[PDB]
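Okay, structure_33.txt now, which holds compact mmCIF, C-alpha atoms and all ligand atoms:
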```txt
# COMPACT_ATOMS: atom_id res chain seq x y z
CA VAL A 3 122.04 122.02 113.30
CA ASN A 4 118.93 124.23 113.52
CA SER A 5 116.62 126.25 111.27
CA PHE A 6 117.96 129.77 111.86
CA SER A 7 119.07 131.29 108.54
CA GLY A 8 121.09 134.33 107.54
CA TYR A 9 122.66 135.15 110.92
CA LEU A 10 126.12 136.62 111.43
CA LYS A 11 128.15 134.62 113.95
CA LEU A 12 129.59 137.03 116.52
CA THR A 13 131.06 134.47 118.91
CA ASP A 14 131.03 130.78 119.71
CA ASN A 15 127.44 131.16 120.95
CA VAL A 16 125.96 134.52 119.80
CA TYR A 17 124.39 135.08 116.35
CA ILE A 18 122.78 138.30 115.07
CA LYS A 19 120.40 139.23 112.24
CA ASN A 20 118.42 142.27 111.09
CA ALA A 21 114.93 140.82 111.57
CA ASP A 22 111.55 141.32 113.23
CA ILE A 23 111.45 138.73 116.04
CA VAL A 24 107.77 138.10 115.27
CA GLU A 25 108.56 137.11 111.68
CA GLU A 26 111.55 135.01 112.78
CA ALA A 27 109.37 133.15 115.27
CA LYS A 28 106.59 132.40 112.77
CA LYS A 29 109.10 131.10 110.23
CA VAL A 30 111.32 129.09 112.58
CA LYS A 31 108.91 128.06 115.38
CA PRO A 32 111.82 127.89 117.87
CA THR A 33 111.73 126.06 121.16
CA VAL A 34 112.09 129.38 123.04
CA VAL A 35 111.28 132.93 121.99
CA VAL A 36 112.25 135.67 124.44
CA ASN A 37 109.80 138.48 125.17
CA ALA A 38 110.99 141.91 126.30
CA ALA A 39 108.54 141.96 129.21
CA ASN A 40 107.76 144.41 131.97
CA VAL A 41 107.14 143.23 135.52
CA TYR A 42 103.34 143.29 135.03
CA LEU A 43 103.41 141.23 131.82
CA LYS A 44 101.43 144.05 130.21
CA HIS A 45 102.31 143.53 126.56
CA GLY A 46 101.57 146.94 125.11
CA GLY A 47 104.33 147.89 122.69
CA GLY A 48 107.70 147.00 121.29
CA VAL A 49 108.57 143.32 121.19
CA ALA A 50 105.88 142.45 123.73
CA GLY A 51 103.03 144.31 122.05
CA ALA A 52 103.99 142.82 118.69
CA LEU A 53 104.35 139.23 119.93
CA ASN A 54 101.06 139.46 121.79
CA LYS A 55 99.30 140.83 118.70
CA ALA A 56 100.62 137.88 116.69
CA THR A 57 99.00 135.54 119.27
CA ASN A 58 95.64 137.29 118.85
CA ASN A 59 95.92 138.38 122.54
CA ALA A 60 96.26 134.81 123.89
CA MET A 61 99.65 135.76 125.37
CA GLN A 62 98.01 138.59 127.34
CA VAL A 63 95.17 136.35 128.59
CA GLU A 64 97.68 133.75 129.82
CA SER A 65 99.86 136.47 131.33
CA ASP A 66 97.01 138.06 133.27
CA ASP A 67 96.23 134.69 134.86
CA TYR A 68 99.93 134.27 135.71
CA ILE A 69 100.08 137.68 137.44
CA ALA A 70 96.80 137.15 139.28
CA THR A 71 98.30 133.98 140.78
CA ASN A 72 101.95 134.93 141.29
CA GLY A 73 102.21 138.71 141.38
CA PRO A 74 104.71 140.74 139.36
CA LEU A 75 108.10 139.59 138.21
CA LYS A 76 111.32 141.18 139.44
CA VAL A 77 113.32 143.52 137.23
CA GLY A 78 116.06 141.19 135.97
CA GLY A 79 113.75 138.18 136.38
CA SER A 80 111.78 135.93 134.08
CA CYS A 81 109.06 133.35 133.73
CA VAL A 82 108.38 130.59 131.21
CA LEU A 83 104.93 130.62 129.62
CA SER A 84 103.47 129.22 126.41
CA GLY A 85 104.84 130.25 123.05
CA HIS A 86 101.33 129.98 121.56
CA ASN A 87 101.52 129.96 117.73
CA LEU A 88 105.05 131.41 117.69
CA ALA A 89 107.26 128.97 119.62
CA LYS A 90 107.01 126.09 122.05
CA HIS A 91 107.73 128.40 124.99
CA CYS A 92 108.01 132.11 125.62
CA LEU A 93 110.63 133.21 128.13
CA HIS A 94 109.36 136.57 129.43
CA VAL A 95 112.45 138.47 130.58
CA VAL A 96 112.39 141.85 132.32
CA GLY A 97 115.34 144.05 131.47
CA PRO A 98 115.75 147.33 133.33
CA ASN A 99 113.78 150.29 131.99
CA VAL A 100 116.17 153.25 132.01
CA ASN A 101 113.13 155.53 131.61
CA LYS A 102 111.88 154.16 134.97
CA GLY A 103 115.18 154.83 136.75
CA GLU A 104 115.99 151.12 136.92
CA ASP A 105 119.56 149.97 137.57
CA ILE A 106 121.35 149.14 134.31
CA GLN A 107 123.36 146.55 136.25
CA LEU A 108 120.16 144.48 136.23
CA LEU A 109 120.68 143.95 132.50
CA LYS A 110 123.29 141.28 133.27
CA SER A 111 120.86 139.55 135.64
CA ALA A 112 118.22 139.68 132.90
CA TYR A 113 120.52 137.98 130.38
CA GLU A 114 121.46 135.29 132.94
CA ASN A 115 117.94 133.90 132.51
CA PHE A 116 118.92 132.85 128.97
CA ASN A 117 121.44 130.34 130.37
CA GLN A 118 118.59 128.09 131.51
CA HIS A 119 117.76 127.32 127.84
CA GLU A 120 120.05 125.64 125.34
CA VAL A 121 118.86 127.69 122.32
CA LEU A 122 116.82 130.91 122.18
CA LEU A 123 115.51 133.46 119.69
CA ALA A 124 115.71 136.82 121.44
CA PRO A 125 115.64 140.61 121.04
CA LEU A 126 118.31 142.92 122.41
CA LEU A 127 117.29 143.35 126.05
CA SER A 128 116.50 146.85 127.33
CA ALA A 129 116.87 148.34 123.82
CA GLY A 130 114.10 150.25 122.09
CA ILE A 131 111.40 151.58 124.40
CA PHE A 132 113.30 150.38 127.49
CA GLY A 133 115.78 153.20 126.96
CA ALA A 134 119.19 151.50 127.31
CA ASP A 135 122.16 151.74 124.95
CA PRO A 136 121.88 148.84 122.47
CA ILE A 137 125.65 148.65 121.94
CA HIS A 138 125.95 148.02 125.67
CA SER A 139 123.14 145.46 125.58
CA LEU A 140 124.91 143.40 122.91
CA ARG A 141 128.16 143.50 124.90
CA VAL A 142 126.39 142.31 128.07
CA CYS A 143 124.69 139.57 126.05
CA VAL A 144 127.99 138.29 124.65
CA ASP A 145 129.68 138.44 128.06
CA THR A 146 126.78 136.81 129.97
CA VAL A 147 124.92 134.30 127.79
CA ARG A 148 126.68 130.96 127.33
CA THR A 149 123.86 129.09 125.57
CA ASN A 150 123.10 129.57 121.88
CA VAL A 151 121.31 132.85 121.27
CA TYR A 152 119.94 134.14 117.96
CA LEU A 153 119.43 137.91 118.28
CA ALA A 154 116.82 139.67 116.13
CA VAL A 155 117.58 143.37 115.71
CA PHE A 156 114.65 145.19 114.10
CA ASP A 157 116.34 148.43 112.95
CA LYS A 158 118.76 148.00 110.02
CA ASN A 159 120.72 151.11 111.02
CA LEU A 160 121.24 149.67 114.49
CA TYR A 161 122.17 146.23 113.12
CA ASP A 162 124.88 147.75 110.91
CA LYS A 163 126.21 149.80 113.83
CA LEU A 164 126.25 146.84 116.23
CA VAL A 165 128.21 144.74 113.72
CA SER A 166 130.65 147.43 112.65
CA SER A 167 131.53 148.36 116.25
CA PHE A 168 131.74 144.80 117.57
CA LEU A 169 134.97 143.93 119.36
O1 LIG B 201 116.02 145.84 117.53
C1 LIG B 201 115.99 147.09 117.54
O2 LIG B 201 116.23 147.84 116.58
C2 LIG B 201 115.60 147.73 118.87
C3 LIG B 201 114.07 147.82 119.00
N1 LIG B 201 113.52 146.51 118.68
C4 LIG B 201 112.26 146.10 118.92
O3 LIG B 201 111.39 146.80 119.43
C5 LIG B 201 111.99 144.80 118.28
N2 LIG B 201 113.04 143.98 118.04
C6 LIG B 201 112.84 142.87 117.35
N3 LIG B 201 111.70 142.44 116.80
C7 LIG B 201 110.67 143.28 117.03
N4 LIG B 201 109.39 143.13 116.58
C8 LIG B 201 108.63 144.19 117.01
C9 LIG B 201 109.40 145.05 117.73
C10 LIG B 201 110.72 144.48 117.75
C11 LIG B 201 113.51 148.86 118.01
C12 LIG B 201 112.64 148.53 116.95
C13 LIG B 201 112.19 149.55 116.09
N5 LIG B 201 112.55 150.83 116.22
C14 LIG B 201 113.38 151.16 117.23
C15 LIG B 201 113.89 150.21 118.14
```
I'd like the structure from this file rewritten - as structure tokens, please.
Amino acid sequence: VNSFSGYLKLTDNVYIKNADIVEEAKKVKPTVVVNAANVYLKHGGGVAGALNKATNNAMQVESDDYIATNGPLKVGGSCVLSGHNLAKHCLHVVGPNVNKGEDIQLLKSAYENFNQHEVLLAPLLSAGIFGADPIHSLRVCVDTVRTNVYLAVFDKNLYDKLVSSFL
């Protein structure tokens, strides 16, 4: 049993809700919130910009120290950092940016990072400003993630479309 409320169960392990991930995180305080990161951990917009804003920029300060020490992430890769006031941990995951020419096959690799955590609150990877097809992202999620994932879809129109077209 956990504190996630109002989700539709899609499969044994995937749950979906029309919600702002920032508001879900503040309410639930999950063990792991997933950030839709870029390789530089520059949290400017979308999920990342909004999460960072909700930490009063502490996420960005921590991230800049991480990059100064370790260099950029790989597309399809991840790192675990603090969840600040939003979660115990933040799993920063880099999905491919279709607007950067990045290989959509890396979306599966990106979702594989979720399997290192028993339960996660997450956005739809590579959706929104990353330019990928969100219907495809949900399918890859369902076919890749085996741990328990609670997906927060911001746009109600998209949520309704993802549910109604789900096989
Ligand atoms: O979930 C979607 O609808 C895709 C994408 N989502 C996000 O950017 C997104 N998803 C979940 N919590 C969020 N909080 C702030 C942004 C954010 C989108 C948000 C709006 N307008 C267009 C796309």
Expressed in Å, the length from CA of residue 59 (chain A) to atom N1 of ligand LIG 201 (chain B) is 19.8 Å
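CA of residue 53 (chain A) is positioned 9.6 Å from CA of residue 35 (chain A).
The residue that comes closest to residue 84 (chain A), out of A:36, A:144, A:124, A:23 and on the basis of all atoms listed in the file, is A:36.
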Inset, instruction - Pick out the residues sitting within 10 Å of region 61-63 of chain A, and hand them over as a ChimeraX atom specification; count all atoms listed in the file, and ignore anything fewer than 5 positions along from it in its own chain. - result: /A:43-46,50-51,53-56,68,83-87,92
Please identify every polymer residue within 9 Å of ligand LIG 201 (chain B), using only C-alpha atoms and all ligand atoms, and present the set as JSON, numbers by chain.
-> {"A": [20, 21, 22, 23, 24, 25, 26, 38, 47, 48, 49, 50, 51, 52, 53, 124, 125, 126, 127, 128, 129, 130, 131, 132, 136, 153, 154, 155, 156, 157, 158, 159, 160, 161]}
Counting all atoms listed in the file, closest pick from A:66, A:135, A:114, A:120 relative to residue 100 (chain A) is A:135
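Excluding residue 95 (chain A) itself and any same-chain residue fewer than 6 positions from it, the protein and nucleic acid residues within 6 Å of it, counting all atoms listed in the file, are residues 38, 39, 79 and 80 of chain A.
Note that CA of residue 41 (chain A) and CA of residue 71 (chain A) are 13.8 Å apart.
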In terms of all atoms listed in the file, the residue from A:139, A:65, A:150, A:33 at minimal distance from residue 90 (chain A) is A:33
